[PDB]
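Here's the structure we're looking at; comments come further down.
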Amino acid sequence: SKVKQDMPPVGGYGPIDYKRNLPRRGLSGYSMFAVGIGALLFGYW
Amino acid sequence: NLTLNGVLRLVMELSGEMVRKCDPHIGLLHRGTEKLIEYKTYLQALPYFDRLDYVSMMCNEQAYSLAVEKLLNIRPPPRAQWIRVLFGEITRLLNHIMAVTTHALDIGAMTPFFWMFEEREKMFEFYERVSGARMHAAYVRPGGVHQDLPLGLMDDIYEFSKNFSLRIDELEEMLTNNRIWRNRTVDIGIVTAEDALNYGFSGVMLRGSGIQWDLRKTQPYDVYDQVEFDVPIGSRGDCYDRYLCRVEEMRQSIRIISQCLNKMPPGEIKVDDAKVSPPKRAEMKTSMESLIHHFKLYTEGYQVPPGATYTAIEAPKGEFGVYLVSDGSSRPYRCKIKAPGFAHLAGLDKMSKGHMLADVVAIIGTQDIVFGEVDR
Amino acid sequence: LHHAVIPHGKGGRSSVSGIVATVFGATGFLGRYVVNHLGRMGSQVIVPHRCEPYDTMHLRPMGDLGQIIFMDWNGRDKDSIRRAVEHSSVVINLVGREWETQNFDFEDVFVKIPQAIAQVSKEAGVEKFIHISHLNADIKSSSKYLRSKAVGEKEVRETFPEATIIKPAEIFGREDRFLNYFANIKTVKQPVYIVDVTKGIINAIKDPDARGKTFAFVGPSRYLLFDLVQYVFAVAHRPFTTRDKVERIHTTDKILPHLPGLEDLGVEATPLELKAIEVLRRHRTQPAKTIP
Amino acid sequence: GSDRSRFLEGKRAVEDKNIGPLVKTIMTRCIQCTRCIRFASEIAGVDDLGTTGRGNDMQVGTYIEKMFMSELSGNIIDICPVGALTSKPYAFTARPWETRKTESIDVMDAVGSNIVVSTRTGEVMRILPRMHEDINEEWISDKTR
Amino acid sequence: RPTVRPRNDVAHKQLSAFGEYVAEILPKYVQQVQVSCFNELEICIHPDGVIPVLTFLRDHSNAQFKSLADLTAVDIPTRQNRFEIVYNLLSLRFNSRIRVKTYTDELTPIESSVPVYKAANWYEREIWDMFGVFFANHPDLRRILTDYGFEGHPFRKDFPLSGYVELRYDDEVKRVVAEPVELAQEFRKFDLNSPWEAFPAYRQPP
Amino acid sequence: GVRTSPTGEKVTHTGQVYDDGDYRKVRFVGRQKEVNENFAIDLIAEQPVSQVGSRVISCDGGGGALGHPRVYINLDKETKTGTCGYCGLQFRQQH
Amino acid sequence: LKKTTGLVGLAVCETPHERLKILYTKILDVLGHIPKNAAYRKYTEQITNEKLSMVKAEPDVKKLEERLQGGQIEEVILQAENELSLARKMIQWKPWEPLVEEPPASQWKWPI
Amino acid sequence: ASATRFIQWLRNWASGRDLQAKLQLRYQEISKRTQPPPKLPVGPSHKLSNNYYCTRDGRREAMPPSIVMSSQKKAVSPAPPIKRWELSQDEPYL
Amino acid sequence: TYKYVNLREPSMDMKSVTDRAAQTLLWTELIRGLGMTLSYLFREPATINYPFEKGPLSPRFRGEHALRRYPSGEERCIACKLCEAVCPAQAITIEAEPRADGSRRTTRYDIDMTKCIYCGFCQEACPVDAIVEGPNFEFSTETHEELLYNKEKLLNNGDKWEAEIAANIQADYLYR
Amino acid sequence: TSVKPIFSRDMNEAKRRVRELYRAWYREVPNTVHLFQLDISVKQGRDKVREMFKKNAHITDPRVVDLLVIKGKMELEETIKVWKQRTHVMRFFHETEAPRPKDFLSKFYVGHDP
Amino acid sequence: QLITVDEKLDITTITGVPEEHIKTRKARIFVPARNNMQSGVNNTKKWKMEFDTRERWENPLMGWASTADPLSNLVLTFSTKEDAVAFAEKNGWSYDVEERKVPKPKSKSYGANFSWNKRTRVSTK
Ligand SMILES: CCCCCCCCCCCCCCCCCC(=O)OC[C@H](COP(=O)(O)OCCN)OC(=O)CCCCCCCCCCCCCCCCC
Ligand SMILES: NC(=O)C1=CN([C@@H]2O[C@H](COP(=O)(O)OP(=O)(O)OC[C@H]3O[C@@H](n4cnc5c(N)ncnc54)[C@H](OP(=O)(O)O)[C@@H]3O)[C@@H](O)[C@H]2O)C=CC1
Ligand code: SF4
Ligand code: SF4
Ligand code: SF4
Ligand code: SF4
Ligand SMILES: [K+]
Ligand SMILES: [Zn+2]
């Protein structure tokens, strides 16, 4: 009968990621300081 | 100067916080492997290599198999070569996970060890499925590999590979930009390019310092010349850059594994030369020649033409090689094992000059020391 | 000799000494040394024990694989004694307590139990029997400990006439209740070293002329109890218990010239001065005057 | 030789001959080299061994039932290149790679035949001749063996 | 031919040519140069040439063997000089390897190569420990692998596989003690060599 | 075919048993002597002789590649049966 | 001028051309003290002169590196220093002299 | 896979990743633990003719070392100088 | 081909300098690390409920040794000693003689399970599938002596486990 | 008969190194007995040192003497720097090895060894 | 510089071998006899050195063969008898040397199987 052994599927496997993926999150430094200082000024008031 | 006193005995001289001298005392795991190998046939000596760098089992097997195949003047069949590169890179993932996360755990960051050791457990399943052992597979042998992959294994390697880069990302989120991690590793254990060469360093200990060298590129073996991948290079030669190189090498290993899965060819898995590789069991039980050769390979073993070879691979920890001397019989005359960690640990004293006691832990971690191979 | 018990090897751990010994009381002070010397030369040792197996663990490394065998036993159960001795060529009795308990008085540990071991050993055909008595054993002693030792010493000699009876003085050593006893706080004492007593016991097993004899194991020097206790405090670097125990410590060590001693078994007695620091070093946080 | 077979047929099978209590015969293993026949006729001076039949069915033996009992008979075990003739006392007890060889002398007579004493794990397993051209050239007597 | 390792004649010639190159430049020390059929270049030198030959191979512009891959020894008792000292070097510039071999006996020191390669430090300690070869002018020659106080050099062919002493804990002295080795099962020596010659190409003239 | 000795110790299929004076049987006191009760010598004897119609038969022990190396057994003698050297099955040429 | 050599410990050279001319000239000066018919002198002069010619005949550093095939120009300078250091040692060792001693007869025979 | 929608959103937002696409735990996508039997191929020496061992015997083609000089012109290097590596175009810099 | 892991020049524009200042003072990257461990808190753990649940294994698994029989009950082992010869640890000790019925059988078959490296070479070398490494891995003992297997113990293991062993051999023999 | 020396060029120079080593060992014994808390006397420690030197008294090869001193210095370094533990120091005294018989009859009784 | 040393080469004091296993042993230097079960002569080319056989006893637990001889398995190989003798000398082992046994040349002749008047005529083939 026909040879049968472990092989990849016809057409191969789907693509595999490997590259580093660390997405960008958060606000700029300006906004972060603005929120912090705004919180301080509300607290003082 | 206050003097303090696998497993390691470090004798250190400290002036306050600074290490003034570091004298490693090893041999606590010396088991006379090289002498034992002289009383074994070439096949009988193979399992010893699983137990050297016992985190990179099939890479040690590959190094020994390549050395014997060189003296035998034979070559393994192409499918065996692709399997060997496939499991060589899976083994590099096993080592780099162990190296990075235990390096992290030793300095307080204990959580990545747990996430990544669930991945190690799934790779242990790939070893167990091809060889029946989770670690000391004795799978890669002179002539090729012991058995063909079971049906459905490659599909499961694809499934594991498809998700792994996300696990690396989670590891990087915990360490790469962490100011505490950087404080423990940046500018720690700086080694110059010329010092690294003269001290006999290899692998990431070289590339962390900018030296552009990787045996898989410069002196390729098996089918490494047929796969594409990049060599990560450091710029500062410190612990942080060697950490980044190891993380990037894991990513490139997944890149290579992807090509191995797609380019796996059909055919036999061990050299079709029954004077070297044993015949199939069905042949052994029907053919007179096959039974004779099975009988002789499993008692006397194959004779290896007299000669000597130094053979090296790019193991996960660095250049791993054997100087294998054949006297013409079926037992090796001498087997010297070149462990990359031997030279690396010999340079701990040089690397730790001007550093503090807690940095010595980081420097030992960045060298990636397993005392199975250091002591042999 | 049955083929299984012909000696072989060079007298090491993997050798075959040809001795098959049942050691009653092996989990005590003297027992741990006796079992060690038996297992050193590759003897088969049967260890009947009354205590938890956890408390016999220190004996396991003393012999090669299979050489130390453990059994349950009860001092009052003769069937459990028969199980332990019916394959042995020598039986050693080290059973004893320095105090009495609600369940076992001195007449039990030193008369009833030794007599039962001796009787069952006689019935089972055991060739050799070694029984530990005491130098100061005496039916008129003020100590109920020493009176029982005399009664039992006589019953063993009657029950198993060929028994080798050994009468040690106070034994000192790392786990003793002698030097340690003073360190934890009229009379002349002649204490003997634990290793000397052990070697005497081992050489009695081998010596055929030791059968049917009674030995007194004593140290090389005699000391006044006051001078000894003074020396203990000096060695322990320290500024210088039941009623029955106090009587024993104040009983002068008998001088029995007619009995053979350690020199009749090829054993040189170890002076206290050589070994005292070994025992007393852990107690730290001028040799004693000897009677001529 | 080559490392594989291309023989696709069925194999010959031959019945066994009883030639005494010393030499076991499994004659399907015989390769028809005729060493035993020549040794028996030339060295032992006994013409009881020969070939019967012809072609592929040619068989080595005595034709009739007969014991090959000679003071030198045990030597046909050594010269037979295959396991067709084997030592009956030695059967199944050891493999060659595991025995230790002690070169020694025979004392069963006054010829002083040179021998090898095969031992394993402290036990004597068999006796083999040791070549000494001026004594026993490479033979021993059945008593020595 | 699928099962036979292919030859590489280009590398064989290059290494042969460099072998002559080295031997022309250092005739004072080079005794033999050979290239194996799998293309490894071996320089055999007089032991006096260790420092000059290694320094030349490290520093010369057509050599630049900057990396000491390994340094080991082989014990061959039949030789007058039983110990063969083997240096395996790597040249990154020329992507090439070379092996340098010399010899010594029990009583003849070899010059330490720590001045050429700092990597040699521990390798020479290992050769001292396992083979008993003394290296002169070593910054710190002492055992590295064996237990403290260990007697003998285990990797010598005449050192027994299981050694002479074995350890155990002894309760009487309350410490680990060393005693002459006895084995419950002796190691079973196997005689595996076939009495028929395997490789005619290596037959030694009689 | 397990039997006990006069001491009551079971004899193994290899004929092993400690004799009366052997101290080594103390190892079994309070425990047991491991003995396999399925004696192969008796189990093979229970198999019937196979009647075949040729001078030579082959045996591979059954199961093809899961048995033993295939051997050919000569059945020329009517005095006894042909026995497989590997598995012990017996064969007889019919009439 | 490049920002870094890429190799830890190997600093950039501001004037590589003049540094190499000084070193190659120094090497040729030292090689003059070696006997004319020593292979080390003949070969080392040959390669040194080949590199010196390329240095004088190419003013652009990266074009020069492509011709020297020695990696970064700072690596070529270091290699020149290594050769100069070796040449001085060769004068003391005098390896051009005959073989000091023959080996024993079977010293290099393998297998035994 | 059994996490509620809210918990999936929570741990996705906390990690910054779509964790549900690449779960660490394996479910039905793995290979069945029972597979059809294989039928493995045979090597190139499985021939009935033109297959004499002396034509495919690697061990017997090994030779003793070639002796280029024994104790019985342009300069050369052991090999041509190694070529400069090229920067990756997949991702030159992390 | 190579890539640089850490060769980047931080931007010095004021917007970027302030971004790094906010990270230094507000600990933003430390907060990001907290999110990752938080996301794991709400992930399903990978733990299995041993001994009620078991880690998956393959038919090739190398566990406790056993000696097998033919379907008739005859031992498969013929005392060929190939297993003993190949054993890398010399863990196998065999003695043999003709059985009462003349069969070639062992009288001793010991495996020192504390010498064995569980490599499976013995079952590769066996020509009759007599010695196998079975699927059992839960046979830890309280004494060293209990791990010194003799033939009776190994035959009992074969009778105990044959049902599973045969099915595992059935699933993998076409790869051998 | 020309050979490469180790350190000494003749037995007179070799003997000077021996005496320096003996002096170093002799002076170190009191410290060793104290630091390692040995149960031997200083006299016993020095008697052992003298015994070890004496068994090598017959050597006439300066190279062999050189190696004996080299090994003696390494042994002293391990002791002085406390690389050895108490077990290593006490291995010179064979405290658990029962004396082997020496006369012919005693060796005849116990076994076959000469 | 080279010094002059005239004493016999002796390394017994620096090899670490215990005294009992130098002075009481007896090394045998010989060429192994051909295994008479086979015609191959390749195992008769080199000289060997083995030591005197010493006691093996049955282990009480398993019946395994125990030993206390550390040299029981030690077998060295030498190219010549002189090399083997030299190695034994410097190690202090007393030894016996057995001269190599060579099979002497035979006079073989197929035609003698059919002699007209001599006894070499064979009665069968
Ligand atoms: C109108 C004008 C009003 C005037 C007032 C205006 C004031 C507002 C502006 C001030 C804002 C300052 C913020 C103060 C917080 C402390 C900042 C700080 O100290 O950070 C620096 C410190 C070290 O940073 P480093 O990277 O090592 O470099 C600096 C040295 N070269 O970094 C660190 O401390 C790292 C800490 C390491 C420990 C990490 C573990 C904690 C991580 C999670 C913490 C979550 C926060 C907890 C919240 C409190 C809960 C109650
Ligand atoms: N040590 C000395 O100074 C001297 C001692 N002797 C005698 O030497 C022998 C041993 O001395 P030593 O070893 O110091 O005594 P220990 O008390 O140290 O050990 C006594 C042993 O007897 C066993 N034992 C006690 N009572 C019983 C019981 N009722 N049933 C069963 N077993 C029991 C104990 O077992 P468990 O652990 O289960 O309690 C223990 O193993 C004793 O007979 C003692 O009288 C004689 C002269 C001097
Ligand atoms: S010697 Fe053996 S193989 Fe040759 S003919 Fe006689 S029985 Fe057959
Ligand atoms: S060992 Fe030799 S004689 Fe016996 S079956 Fe195999 S090839 Fe035939
Ligand atoms: S598994 Fe390996 S080590 Fe264990 S008995 Fe089998 S061959 Fe020997
Ligand atoms: S188990 Fe198999 S390999 Fe081992 S002796 Fe028995 S038949 Fe031979
Ligand atoms: K034969
Ligand atoms: Zn069959």
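Both ligands and their constituent atoms are indexed starting at 1 by order of listing. Residue numbers begin at 1 in each chain, while the letters A, B, ... track the order of the sequences. Heavy-atom basis, side chains included; hydrogens, waters and symmetry copies ignored.
Excluding waters, the set of protein N/O/S atoms under 3.4 Å from the K ion (ligand 7) reads D:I77 O, D:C80 O, D:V82 O, D:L85 O. Here the protein contributes F:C59 SG, F:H68 NE2, F:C84 SG, F:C87 SG as N, O or S atoms under 2.8 Å from the Zn ion (ligand 8).
Within 6.0 Å of CD on F:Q51 lie more than 12 heavy atoms contributed by other residues, nucleotides or ligands. Other residues, nucleotides and ligands contribute more than 12 heavy atoms inside 6.0 Å of the CZ atom of B:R179.
Looking at I:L26 against ligand 1, nothing comes within 4.0 Å, counting heavy atoms. When non-hydrogen atoms are compared, ligand 1 lies under 4.0 Å from the side chain of I:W27 (C-beta onward) but not from its backbone.
In this structure, atom 11 (C) of ligand 1 is not in close contact with the protein, since no protein heavy atom lies within 4.0 Å of it. The nearest protein heavy atom to atom 47 (C) of ligand 1 is not closer than 4.0 Å. Of the protein's heavy atoms, at least one falls inside 4.0 Å of atom 8 (C) of ligand 1. At least one protein heavy atom sits closer than 4.0 Å to atom 34 (O) of ligand 1. In this structure, atom 50 (C) of ligand 1 has no protein heavy-atom contact shorter than 4.0 Å. For atom 39 (C) of ligand 1, the nearest protein heavy atom lies closer than 4.0 Å. For atom 16 (C) of ligand 1, the nearest protein heavy atom is under 4.0 Å away. Within the 4.0 Å cut-off (strictly below), a protein heavy atom is located near atom 44 (C) of ligand 1.
Taking the six-membered ring for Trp and the full ring otherwise, D:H132 and D:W139 have centroids separated by 6.0 Å or more. Taking the six-membered ring wherever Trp is involved, the centroid distance between the rings of B:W181 and B:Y243 falls below 6.0 Å.
Using a 4.5 Å heavy-atom cutoff, the side chains of E:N193 and K:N42 are not in contact. The closest side-chain heavy-atom distance from B:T176 to B:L244 is below 4.5 Å.
A salt bridge links I:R69 with I:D159: the closest approach of a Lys/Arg side-chain nitrogen to an acidic carboxylate oxygen falls below 4.0 angstrom. D:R35 has no carboxylate O lying under 4.0 Å from a charged side-chain N of D:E42, or vice versa, which leaves the two without a salt bridge. B:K285 and I:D129 are joined by a salt bridge, as a carboxylate oxygen and a charged side-chain nitrogen come within less than 4.0 angstrom of each other. With respect to B:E300 and B:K296, a salt bridge is recorded, a charged nitrogen being found less than 4.0 Å from a carboxylate O.
The ligand atoms of ligand 1 that sit less than 4.0 angstrom from a heavy atom of A:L40 are 5 (C), 6 (C), 7 (C), 8 (C). Of all the atoms in ligand 1, the ones that sit under 4.0 Å from a non-hydrogen atom of I:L25 are 13 (C), 15 (C), 17 (C). Interface of I:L30 with ligand 1, defined as ligand atoms under 4.0 Å from a residue heavy atom, comprises 35 (C), 39 (C).
Considering backbone and side-chain atoms alike, I:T24 places an N or O below 3.5 Å from some N or O of ligand 1.
When hydrogens are left out, the protein atom nearest atom 4 (C) of ligand 1 is A:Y44 OH, 4.4 Å; that is the closest non-hydrogen contact. When hydrogens are left out, the protein atom nearest atom 1 (C) of ligand 1 is A:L41 CD2, 3.9 Å; that is the closest non-hydrogen contact. Annotation: atom 24 (O) of ligand 1 to nearest protein heavy atom, B:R179 NH1, 3.1 Å.
Considering all non-hydrogen atoms of both residues, D:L72 and D:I43 come closest at CD1-O, 4.1 Å. When all heavy atoms are compared, the tightest approach of B:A282 to F:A65 is CB-CB, 4.2 Å.
Side chains of D:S41 and D:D47: a donor-acceptor N/O pair is present below 3.5 angstrom, by distance only. A side-chain N or O of D:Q59 and one of D:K17 form a donor-acceptor pair less than 3.5 Å apart.
In this structure, I:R43 is positioned above the aromatic face of I:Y40, its NZ or CZ under 6.0 Å from the six-membered ring centre and within 45° of the axis. A cation-pi contact, defined as under 6.0 Å to the ring centre and within 45° of the axis, links A:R25 to H:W13. Remark: I:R105 is not positioned above the aromatic ring of D:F92, lacking an NZ or CZ atom under 6.0 angstrom from the ring centre and at most 45 degrees off the axis.
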Pair D:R130-D:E138, salt bridge (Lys or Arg N to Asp or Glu O under 4.0 Å): steps then yes or no: CA-CA 6 Å; D:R130 191 157 61 91; D:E138 69 182 79; over 6 Å; no
